[PDB]
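S.K.: Starting off with a structure, shown below.
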Amino acid sequence: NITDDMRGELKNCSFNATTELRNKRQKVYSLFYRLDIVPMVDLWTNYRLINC
Amino acid sequence: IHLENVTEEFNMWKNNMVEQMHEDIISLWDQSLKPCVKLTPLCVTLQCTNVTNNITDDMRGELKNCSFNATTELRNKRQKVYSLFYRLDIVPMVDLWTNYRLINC
Amino acid sequence: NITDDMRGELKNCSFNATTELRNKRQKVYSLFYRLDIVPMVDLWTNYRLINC
Amino acid sequence: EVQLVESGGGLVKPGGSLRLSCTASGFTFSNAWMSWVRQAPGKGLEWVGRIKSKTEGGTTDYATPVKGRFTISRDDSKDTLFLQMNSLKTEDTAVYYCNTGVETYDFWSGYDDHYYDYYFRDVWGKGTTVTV
Amino acid sequence: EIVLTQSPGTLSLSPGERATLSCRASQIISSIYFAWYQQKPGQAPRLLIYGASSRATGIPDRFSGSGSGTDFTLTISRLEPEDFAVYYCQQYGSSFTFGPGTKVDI
Ligand SMILES: *[C@@H]1O[C@H](CO[C@@H]2O[C@H](CO)[C@@H](O[C@@H]3O[C@H](CO[C@H]4O[C@H](CO[C@H]5O[C@H](CO)[C@@H](O)[C@H](O)[C@@H]5O)[C@@H](O)[C@H](O[C@H]5O[C@H](CO)[C@@H](O)[C@H](O)[C@@H]5O)[C@@H]4O)[C@@H](O)[C@H](O[C@H]4O[C@H](CO)[C@@H](O)[C@H](O)[C@@H]4O)[C@@H]3O)[C@H](O)[C@H]2NC(C)=O)[C@@H](O)[C@H](O)[C@H]1NC(C)=O
Ligand SMILES: *[C@@H]1O[C@H](CO)[C@@H](O[C@@H]2O[C@H](CO)[C@@H](O[C@@H]3O[C@H](CO)[C@@H](O)[C@H](O)[C@@H]3O)[C@H](O)[C@H]2NC(C)=O)[C@H](O)[C@H]1NC(C)=O
Ligand SMILES: *[C@@H]1O[C@H](CO)[C@@H](O[C@@H]2O[C@H](CO)[C@@H](O)[C@H](O)[C@H]2NC(C)=O)[C@H](O)[C@H]1NC(C)=O
Ligand SMILES: *[C@@H]1O[C@H](CO)[C@@H](O[C@@H]2O[C@H](CO)[C@@H](O)[C@H](O)[C@H]2NC(C)=O)[C@H](O)[C@H]1NC(C)=O
Ligand SMILES: *[C@@H]1O[C@H](CO)[C@@H](O)[C@H](O)[C@H]1NC(C)=O
Ligand SMILES: *[C@@H]1O[C@H](CO)[C@@H](O)[C@H](O)[C@H]1NC(C)=O
Ligand SMILES: *[C@@H]1O[C@H](CO)[C@@H](O)[C@H](O)[C@H]1NC(C)=O
Ligand SMILES: *[C@@H]1O[C@H](CO)[C@@H](O)[C@H](O)[C@H]1NC(C)=O
Ligand SMILES: *[C@@H]1O[C@H](CO)[C@@H](O)[C@H](O)[C@H]1NC(C)=O
Ligand SMILES: *[C@@H]1O[C@H](CO)[C@@H](O)[C@H](O)[C@H]1NC(C)=O
């Protein structure tokens, strides 16, 4: 339940994170503020972190 | 210098020479490892089985024959390595295609 | 257009480089001096950098 | 050695209840999605339903003909999958099996996802019965 | 629900021959959701091919296949004794139904 003022301010993103072992990956689901991410290469749902 | 007629009070446990020795030994220990290899490529799943030798009861089991895929000089190459580990250096986790990982990963 | 004195001095090398993102890759090629690379695994085209 | 240890089946009548279950062996279930498929004697394979891990959120999916009377749940903590049946029809005799997919990615380096050996294991239980 | 049918219902090929099987979805379900199993009688089914392409772990390289909309195919390059089983295709179109089962015989 998002008020009008917050529409588009938060995004629910899913990424593959590294793990304790070098050969393993995990799947993490976190909330981000819109200001910290940037959409990329003409893909509707694909984002990267602002400063990579 | 003998100090023939000097009597003085000593109090070990409140002696700050101890703390300086403590800090310098630890600091030197850490400095000696600064230029050494960091074994981060080795925090991988292992495949551990028993040792193919004559093992006495006092050694049962104490040692394990572990294989793993190690990195190598080039990033697009990988190698099979196996080695012996003491049971105390590994933990019986992972439970995937493989059995065990290194204690401090 | 290579003069006689330069034959064998330069090579055109292609490789797969990392990118800003851990899950994205790029094809890169560049020119190298022969003195900076070494042949490997008995392949006419397979070279690596001298200091790996 | 991914195994599903299936048990709890037996001789029941429609006017009753039955819970079938599978327990992990070798490889765990908190990190796996599981489903049930049944095959009545003389019939092909019919999907009953699928439940996801409590991670994505224990969400379930069921085939139309089995809804309501056949439900699915998970414990996850004890690695056990359940098929819960109540008030069954005379049409429900079948051998029920549990199954899971195992998607394992062996990465060559902790710095570049370009290099890995990927393996996909399809694992089935032995089959237990629901009767009429 | 999702309805899959198979053809021919029974195949009659000698070991060493190419025992190609085909099946059809009534619904147009993308090939990414396609799977093809082999069920030895009395046994749980075993996945051969998923994504109408990729081979499952353990599965011999004599197995391959393809498909698109409703039209799917399974190839056994050479039939072997291990293949005399009933085959099922499955479509994960939000209801993971299967065909009736196709017998490979001689
Ligand atoms: C983080 O990592 C994530 C990893 O997820 C993986 O994604 C890759 C694609 O990137 C998939 O690889 C592709 O799979 C195709 C076939 O898979 C289909 O069938 C699977 C079967 O499982 C089913 O049956 C089981 C029983 O038999 C049952 O237990 C199970 O519950 C299920 O019903 C499906 O799981 C699979 O779905 C997944 O993949 C889809 C994309 O294909 C996704 O949209 C979906 O969300 C699932 O992740 C699918 O239906 C296969 O055809 C592809 O082959 C291609 O590449 C081959 C070479 O690699 C090539 O030879 C082929 O010709 C073809 O080009 C490919 O192998 C993995 O299967 C999938 N793993 C999982 C979890 O299933 C990634 O998804 C995520 O994006 C990453 N996150 C970020 C942000 O980067
Ligand atoms: C290091 O990397 C190699 C290569 O990726 C891994 O090799 C793998 O070894 C396992 C165990 O033998 C193989 O499993 C076997 O698979 C066949 C079907 O492929 C199955 O019939 C057997 O019963 C068994 O499950 C696996 O396929 C094989 N992979 C390949 C492509 O060679 C090795 O395990 C890795 N070692 C570690 C410690 O990670
Ligand atoms: C640990 O396991 C390795 C295999 O991964 C053993 O090495 C093999 O030993 C046989 C003889 O028994 C040789 O024929 C193979 O050529 C060896 N393979 C490799 C890669 O060296 C090793 O002997 C085992 N060690 C112990 C102590 O059990
Ligand atoms: C960069 O990566 C591509 C793959 O994305 C390499 O191309 C593959 O090379 C192998 C042989 O090593 C072939 O079996 C594959 O069929 C090729 N795949 C594709 C899509 O072409 C390419 O060789 C790599 N570049 C360099 C310089 O090594
Ligand atoms: C979310 O908003 C809808 C109205 O759009 C309302 O009916 C619903 O109860 C709200 N949910 C919560 C948790 O407040
Ligand atoms: C998601 O947010 C974007 C603005 O960033 C908006 O255009 C889009 O309609 C929203 N979609 C939904 C389902 O709310
Ligand atoms: C292990 O002990 C047996 C005697 O019980 C002996 O014959 C064999 O050679 C020994 N193996 C090794 C590796 O020492
Ligand atoms: C390996 O050693 C352990 C501990 O001594 C023992 O319990 C186990 O049975 C042995 N397994 C094999 C295959 O020798
Ligand atoms: C490159 O060398 C050829 C002779 O091998 C010559 O004919 C050509 O004109 C040269 N290219 C240019 C741009 O001069
Ligand atoms: C590359 O140049 C060297 C030196 O002139 C020559 O011996 C070799 O045959 C050339 N190879 C190719 C593929 O042109």
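Within each chain, counting starts at residue 1; across the structure tokens, chains are named A, B, ... in the order shown, with ligands numbered 1 upward in that order.
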Write out chain A, as a PDB file with N, CA and C atoms, in the first residue's frame, after superposing it onto chain C by least squares using every C-alpha atom paired in order.

M.R.:
ATOM      1  N   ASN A   1      50.844  -2.545 -43.975  1.00  0.00           N
ATOM      2  CA  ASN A   1      52.077  -2.423 -44.749  1.00  0.00           C
ATOM      3  C   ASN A   1      53.243  -2.381 -43.751  1.00  0.00           C
ATOM      4  N   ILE A   2      53.872  -3.548 -43.567  1.00  0.00           N
ATOM      5  CA  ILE A   2      54.903  -3.837 -42.581  1.00  0.00           C
ATOM      6  C   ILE A   2      56.212  -4.014 -43.272  1.00  0.00           C
ATOM      7  N   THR A   3      57.209  -3.277 -42.826  1.00  0.00           N
ATOM      8  CA  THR A   3      58.511  -3.432 -43.441  1.00  0.00           C
ATOM      9  C   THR A   3      59.153  -4.719 -42.967  1.00  0.00           C
ATOM     10  N   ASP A   4      60.230  -5.126 -43.604  1.00  0.00           N
ATOM     11  CA  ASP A   4      60.855  -6.393 -43.241  1.00  0.00           C
ATOM     12  C   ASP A   4      61.327  -6.458 -41.802  1.00  0.00           C
ATOM     13  N   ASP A   5      61.795  -5.332 -41.301  1.00  0.00           N
ATOM     14  CA  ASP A   5      62.351  -5.211 -39.967  1.00  0.00           C
ATOM     15  C   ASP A   5      61.313  -5.462 -38.883  1.00  0.00           C
ATOM     16  N   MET A   6      60.044  -5.270 -39.219  1.00  0.00           N
ATOM     17  CA  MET A   6      58.953  -5.427 -38.282  1.00  0.00           C
ATOM     18  C   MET A   6      58.159  -6.697 -38.462  1.00  0.00           C
ATOM     19  N   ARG A   7      58.622  -7.605 -39.303  1.00  0.00           N
ATOM     20  CA  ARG A   7      57.814  -8.782 -39.467  1.00  0.00           C
ATOM     21  C   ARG A   7      57.950  -9.618 -38.231  1.00  0.00           C
ATOM     22  N   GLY A   8      56.825 -10.017 -37.677  1.00  0.00           N
ATOM     23  CA  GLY A   8      56.821 -10.841 -36.484  1.00  0.00           C
ATOM     24  C   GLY A   8      56.913 -10.028 -35.194  1.00  0.00           C
ATOM     25  N   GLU A   9      57.047  -8.702 -35.296  1.00  0.00           N
ATOM     26  CA  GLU A   9      57.168  -7.878 -34.103  1.00  0.00           C
ATOM     27  C   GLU A   9      55.852  -7.530 -33.455  1.00  0.00           C
ATOM     28  N   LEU A  10      54.795  -7.443 -34.235  1.00  0.00           N
ATOM     29  CA  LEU A  10      53.498  -7.104 -33.691  1.00  0.00           C
ATOM     30  C   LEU A  10      52.534  -8.217 -33.947  1.00  0.00           C
ATOM     31  N   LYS A  11      51.627  -8.425 -33.012  1.00  0.00           N
ATOM     32  CA  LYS A  11      50.568  -9.397 -33.194  1.00  0.00           C
ATOM     33  C   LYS A  11      49.213  -8.770 -32.867  1.00  0.00           C
ATOM     34  N   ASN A  12      48.191  -9.156 -33.628  1.00  0.00           N
ATOM     35  CA  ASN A  12      46.804  -8.669 -33.424  1.00  0.00           C
ATOM     36  C   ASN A  12      46.039  -9.752 -32.673  1.00  0.00           C
ATOM     37  N   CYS A  13      45.770  -9.517 -31.392  1.00  0.00           N
ATOM     38  CA  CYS A  13      45.195 -10.548 -30.492  1.00  0.00           C
ATOM     39  C   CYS A  13      43.770 -10.219 -30.061  1.00  0.00           C
ATOM     40  N   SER A  14      42.969 -11.250 -29.812  1.00  0.00           N
ATOM     41  CA  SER A  14      41.567 -11.064 -29.380  1.00  0.00           C
ATOM     42  C   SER A  14      41.363 -11.828 -28.078  1.00  0.00           C
ATOM     43  N   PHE A  15      40.843 -11.162 -27.052  1.00  0.00           N
ATOM     44  CA  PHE A  15      40.695 -11.818 -25.731  1.00  0.00           C
ATOM     45  C   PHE A  15      39.315 -11.504 -25.161  1.00  0.00           C
ATOM     46  N   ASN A  16      38.880 -12.283 -24.175  1.00  0.00           N
ATOM     47  CA  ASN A  16      37.636 -11.959 -23.436  1.00  0.00           C
ATOM     48  C   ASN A  16      38.007 -11.268 -22.120  1.00  0.00           C
ATOM     49  N   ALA A  17      37.599 -10.010 -21.977  1.00  0.00           N
ATOM     50  CA  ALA A  17      37.923  -9.139 -20.857  1.00  0.00           C
ATOM     51  C   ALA A  17      36.768  -9.116 -19.890  1.00  0.00           C
ATOM     52  N   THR A  18      37.054  -8.818 -18.645  1.00  0.00           N
ATOM     53  CA  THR A  18      35.993  -8.663 -17.692  1.00  0.00           C
ATOM     54  C   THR A  18      35.360  -7.324 -17.952  1.00  0.00           C
ATOM     55  N   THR A  19      34.212  -7.105 -17.341  1.00  0.00           N
ATOM     56  CA  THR A  19      33.391  -5.915 -17.513  1.00  0.00           C
ATOM     57  C   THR A  19      32.998  -5.330 -16.180  1.00  0.00           C
ATOM     58  N   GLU A  20      32.200  -4.259 -16.208  1.00  0.00           N
ATOM     59  CA  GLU A  20      31.715  -3.640 -14.984  1.00  0.00           C
ATOM     60  C   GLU A  20      30.912  -4.619 -14.131  1.00  0.00           C
ATOM     61  N   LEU A  21      30.205  -5.553 -14.759  1.00  0.00           N
ATOM     62  CA  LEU A  21      29.422  -6.492 -13.989  1.00  0.00           C
ATOM     63  C   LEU A  21      30.150  -7.809 -13.855  1.00  0.00           C
ATOM     64  N   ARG A  22      30.007  -8.421 -12.699  1.00  0.00           N
ATOM     65  CA  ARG A  22      30.677  -9.661 -12.379  1.00  0.00           C
ATOM     66  C   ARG A  22      30.238 -10.799 -13.252  1.00  0.00           C
ATOM     67  N   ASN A  23      29.006 -10.765 -13.717  1.00  0.00           N
ATOM     68  CA  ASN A  23      28.551 -11.864 -14.513  1.00  0.00           C
ATOM     69  C   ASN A  23      28.672 -11.642 -16.018  1.00  0.00           C
ATOM     70  N   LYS A  24      29.376 -10.588 -16.462  1.00  0.00           N
ATOM     71  CA  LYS A  24      29.476 -10.345 -17.902  1.00  0.00           C
ATOM     72  C   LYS A  24      30.907 -10.230 -18.414  1.00  0.00           C
ATOM     73  N   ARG A  25      31.088 -10.591 -19.683  1.00  0.00           N
ATOM     74  CA  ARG A  25      32.387 -10.551 -20.351  1.00  0.00           C
ATOM     75  C   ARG A  25      32.255  -9.806 -21.669  1.00  0.00           C
ATOM     76  N   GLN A  26      33.356  -9.259 -22.184  1.00  0.00           N
ATOM     77  CA  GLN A  26      33.308  -8.553 -23.492  1.00  0.00           C
ATOM     78  C   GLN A  26      34.402  -9.115 -24.400  1.00  0.00           C
ATOM     79  N   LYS A  27      34.444  -8.698 -25.666  1.00  0.00           N
ATOM     80  CA  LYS A  27      35.442  -9.251 -26.612  1.00  0.00           C
ATOM     81  C   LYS A  27      36.277  -8.100 -27.153  1.00  0.00           C
ATOM     82  N   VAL A  28      37.560  -8.057 -26.806  1.00  0.00           N
ATOM     83  CA  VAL A  28      38.405  -6.870 -27.115  1.00  0.00           C
ATOM     84  C   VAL A  28      39.491  -7.294 -28.101  1.00  0.00           C
ATOM     85  N   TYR A  29      39.822  -6.430 -29.065  1.00  0.00           N
ATOM     86  CA  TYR A  29      40.781  -6.769 -30.147  1.00  0.00           C
ATOM     87  C   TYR A  29      41.926  -5.758 -30.136  1.00  0.00           C
ATOM     88  N   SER A  30      43.114  -6.152 -29.669  1.00  0.00           N
ATOM     89  CA  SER A  30      44.169  -5.149 -29.387  1.00  0.00           C
ATOM     90  C   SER A  30      45.497  -5.558 -30.016  1.00  0.00           C
ATOM     91  N   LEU A  31      46.417  -4.604 -30.213  1.00  0.00           N
ATOM     92  CA  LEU A  31      47.713  -4.977 -30.731  1.00  0.00           C
ATOM     93  C   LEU A  31      48.681  -5.102 -29.581  1.00  0.00           C
ATOM     94  N   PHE A  32      49.555  -6.090 -29.682  1.00  0.00           N
ATOM     95  CA  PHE A  32      50.616  -6.337 -28.723  1.00  0.00           C
ATOM     96  C   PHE A  32      51.963  -6.456 -29.372  1.00  0.00           C
ATOM     97  N   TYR A  33      52.985  -6.097 -28.634  1.00  0.00           N
ATOM     98  CA  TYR A  33      54.310  -6.344 -29.130  1.00  0.00           C
ATOM     99  C   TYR A  33      54.585  -7.793 -28.849  1.00  0.00           C
ATOM    100  N   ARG A  34      55.301  -8.434 -29.735  1.00  0.00           N
ATOM    101  CA  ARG A  34      55.632  -9.830 -29.594  1.00  0.00           C
ATOM    102  C   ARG A  34      56.361 -10.142 -28.311  1.00  0.00           C
ATOM    103  N   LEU A  35      57.156  -9.207 -27.831  1.00  0.00           N
ATOM    104  CA  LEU A  35      57.963  -9.418 -26.648  1.00  0.00           C
ATOM    105  C   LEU A  35      57.146  -9.525 -25.366  1.00  0.00           C
ATOM    106  N   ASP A  36      55.883  -9.116 -25.403  1.00  0.00           N
ATOM    107  CA  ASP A  36      55.042  -9.152 -24.224  1.00  0.00           C
ATOM    108  C   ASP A  36      54.152 -10.391 -24.138  1.00  0.00           C
ATOM    109  N   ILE A  37      54.210 -11.281 -25.131  1.00  0.00           N
ATOM    110  CA  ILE A  37      53.355 -12.468 -25.116  1.00  0.00           C
ATOM    111  C   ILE A  37      54.155 -13.734 -25.337  1.00  0.00           C
ATOM    112  N   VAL A  38      53.600 -14.850 -24.918  1.00  0.00           N
ATOM    113  CA  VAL A  38      54.254 -16.124 -25.125  1.00  0.00           C
ATOM    114  C   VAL A  38      53.252 -17.154 -25.658  1.00  0.00           C
ATOM    115  N   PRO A  39      53.584 -17.946 -26.687  1.00  0.00           N
ATOM    116  CA  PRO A  39      52.752 -18.992 -27.230  1.00  0.00           C
ATOM    117  C   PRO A  39      52.704 -20.087 -26.216  1.00  0.00           C
ATOM    118  N   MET A  40      51.651 -20.869 -26.223  1.00  0.00           N
ATOM    119  CA  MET A  40      51.546 -21.951 -25.267  1.00  0.00           C
ATOM    120  C   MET A  40      50.953 -23.252 -25.759  1.00  0.00           C
ATOM    121  N   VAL A  41      51.246 -24.295 -24.969  1.00  0.00           N
ATOM    122  CA  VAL A  41      50.778 -25.686 -25.041  1.00  0.00           C
ATOM    123  C   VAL A  41      50.500 -26.260 -26.421  1.00  0.00           C
ATOM    124  N   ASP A  42      51.428 -26.042 -27.332  1.00  0.00           N
ATOM    125  CA  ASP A  42      51.376 -26.527 -28.698  1.00  0.00           C
ATOM    126  C   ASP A  42      50.124 -26.135 -29.481  1.00  0.00           C
ATOM    127  N   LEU A  43      49.616 -24.938 -29.251  1.00  0.00           N
ATOM    128  CA  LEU A  43      48.483 -24.457 -30.002  1.00  0.00           C
ATOM    129  C   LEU A  43      48.943 -23.273 -30.829  1.00  0.00           C
ATOM    130  N   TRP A  44      48.830 -23.410 -32.133  1.00  0.00           N
ATOM    131  CA  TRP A  44      49.362 -22.438 -33.081  1.00  0.00           C
ATOM    132  C   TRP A  44      48.987 -20.977 -32.835  1.00  0.00           C
ATOM    133  N   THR A  45      47.738 -20.703 -32.473  1.00  0.00           N
ATOM    134  CA  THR A  45      47.293 -19.328 -32.281  1.00  0.00           C
ATOM    135  C   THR A  45      47.055 -18.937 -30.829  1.00  0.00           C
ATOM    136  N   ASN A  46      47.397 -19.802 -29.876  1.00  0.00           N
ATOM    137  CA  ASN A  46      47.108 -19.515 -28.471  1.00  0.00           C
ATOM    138  C   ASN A  46      48.298 -19.022 -27.686  1.00  0.00           C
ATOM    139  N   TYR A  47      48.128 -17.813 -27.178  1.00  0.00           N
ATOM    140  CA  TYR A  47      49.107 -17.053 -26.421  1.00  0.00           C
ATOM    141  C   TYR A  47      48.592 -16.639 -25.069  1.00  0.00           C
ATOM    142  N   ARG A  48      49.504 -16.373 -24.169  1.00  0.00           N
ATOM    143  CA  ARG A  48      49.162 -15.797 -22.879  1.00  0.00           C
ATOM    144  C   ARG A  48      50.103 -14.640 -22.633  1.00  0.00           C
ATOM    145  N   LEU A  49      49.802 -13.792 -21.649  1.00  0.00           N
ATOM    146  CA  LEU A  49      50.683 -12.618 -21.416  1.00  0.00           C
ATOM    147  C   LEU A  49      51.942 -13.102 -20.693  1.00  0.00           C
ATOM    148  N   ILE A  50      53.083 -12.455 -20.938  1.00  0.00           N
ATOM    149  CA  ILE A  50      54.401 -13.018 -20.526  1.00  0.00           C
ATOM    150  C   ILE A  50      54.382 -13.288 -19.023  1.00  0.00           C
ATOM    151  N   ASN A  51      53.952 -12.314 -18.226  1.00  0.00           N
ATOM    152  CA  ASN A  51      54.027 -12.440 -16.752  1.00  0.00           C
ATOM    153  C   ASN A  51      52.623 -12.657 -16.216  1.00  0.00           C
ATOM    154  N   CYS A  52      52.056 -13.819 -16.522  1.00  0.00           N
ATOM    155  CA  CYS A  52      50.949 -14.377 -15.715  1.00  0.00           C
ATOM    156  C   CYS A  52      51.410 -15.701 -15.121  1.00  0.00           C
TER     157      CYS A  52
END

S.K.: So that I can see what lies close to residue 24 of chain E, please list as a PyMOL selection string the residues with an atom at most 10 Å from it, counting only C-alpha atoms and leaving out residues fewer than 3 positions away in the same chain.

M.R.: chain E and resi 3-7+27-28+67+69-73+89+99

S.K.: Please, could you write that set of residues out with C-alpha atoms as a PDB file, in the first residue's frame?

M.R.:
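Once everything was written out, this is out02.pdb:
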ATOM      1  CA  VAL E   3      -3.724 -31.959 -23.221  1.00  0.00           C
ATOM      2  CA  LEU E   4      -0.854 -33.804 -24.765  1.00  0.00           C
ATOM      3  CA  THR E   5      -1.235 -36.613 -27.269  1.00  0.00           C
ATOM      4  CA  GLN E   6       1.445 -38.869 -28.732  1.00  0.00           C
ATOM      5  CA  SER E   7       2.310 -40.558 -32.031  1.00  0.00           C
ATOM      6  CA  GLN E  27      -2.215 -25.665 -26.339  1.00  0.00           C
ATOM      7  CA  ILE E  28       0.571 -23.655 -27.828  1.00  0.00           C
ATOM      8  CA  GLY E  67      10.219 -28.644 -30.980  1.00  0.00           C
ATOM      9  CA  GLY E  69       4.705 -24.529 -30.715  1.00  0.00           C
ATOM     10  CA  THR E  70       2.613 -27.666 -30.493  1.00  0.00           C
ATOM     11  CA  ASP E  71       5.013 -29.896 -32.476  1.00  0.00           C
ATOM     12  CA  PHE E  72       7.642 -31.803 -30.416  1.00  0.00           C
ATOM     13  CA  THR E  73      10.119 -34.588 -31.246  1.00  0.00           C
ATOM     14  CA  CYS E  89       6.234 -35.662 -22.869  1.00  0.00           C
ATOM     15  CA  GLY E  99       0.746 -37.423 -22.528  1.00  0.00           C
TER      16      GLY E  99
END

S.K.: If I take atom CA of residue 14 of chain B and atom CA of residue 2 of chain B, how far is one from the other in Å, to one decimal?

M.R.: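 Distance reported for this atom pair: 24.4 Å.
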
S.K.: Per DSSP on the backbone, filter chain B down to the residues in alpha helix (DSSP H) and report them as a PyMOL selection string.

M.R.: chain B and resi 17-32

S.K.: Save out the residues we just selected, C-alpha atoms, as a PDB file, in the first residue's frame.

M.R.:
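For reference, again39.pdb as written:
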ATOM      1  CA  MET B  17      56.136  -4.232  30.376  1.00  0.00           C
ATOM      2  CA  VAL B  18      53.889  -7.221  29.882  1.00  0.00           C
ATOM      3  CA  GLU B  19      51.417  -5.380  27.796  1.00  0.00           C
ATOM      4  CA  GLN B  20      54.098  -3.971  25.578  1.00  0.00           C
ATOM      5  CA  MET B  21      55.599  -7.398  25.026  1.00  0.00           C
ATOM      6  CA  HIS B  22      52.145  -8.702  24.213  1.00  0.00           C
ATOM      7  CA  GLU B  23      51.491  -6.069  21.613  1.00  0.00           C
ATOM      8  CA  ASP B  24      54.875  -6.259  19.955  1.00  0.00           C
ATOM      9  CA  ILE B  25      54.867 -10.002  19.568  1.00  0.00           C
ATOM     10  CA  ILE B  26      51.431  -9.994  18.045  1.00  0.00           C
ATOM     11  CA  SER B  27      52.300  -7.122  15.764  1.00  0.00           C
ATOM     12  CA  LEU B  28      55.426  -8.834  14.475  1.00  0.00           C
ATOM     13  CA  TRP B  29      53.487 -12.004  13.911  1.00  0.00           C
ATOM     14  CA  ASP B  30      50.992 -10.170  11.743  1.00  0.00           C
ATOM     15  CA  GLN B  31      53.610  -8.242   9.836  1.00  0.00           C
ATOM     16  CA  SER B  32      55.336 -11.449   8.800  1.00  0.00           C
TER      17      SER B  32
END

S.K.: Return as JSON lines the residues of chain E lying at most 10 Å from ligand 2, together with the closest atom-to-atom pair for each and the distance in Å to one decimal, counting only C-alpha atoms and all ligand atoms, with rows in chain order and ascending residue number.

M.R.:
{"residue": "E:56", "atom": "CA", "partner": "ligand 2", "partner_atom_place_in_ligand_line": "18 (C)", "distance": 8.7}
{"residue": "E:57", "atom": "CA", "partner": "ligand 2", "partner_atom_place_in_ligand_line": "18 (C)", "distance": 5.2}
{"residue": "E:58", "atom": "CA", "partner": "ligand 2", "partner_atom_place_in_ligand_line": "18 (C)", "distance": 3.8}
{"residue": "E:59", "atom": "CA", "partner": "ligand 2", "partner_atom_place_in_ligand_line": "18 (C)", "distance": 7.2}
{"residue": "E:60", "atom": "CA", "partner": "ligand 2", "partner_atom_place_in_ligand_line": "18 (C)", "distance": 8.8}

S.K.: Got a sec: who's within 8 Å of residue 30 of chain E, counting only C-alpha atoms, leaving out chain neighbours fewer than 3 positions off, as a list in words?

M.R.: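 Residues meeting the cut-off are residues 33, 34, 68 and 69 of chain E.
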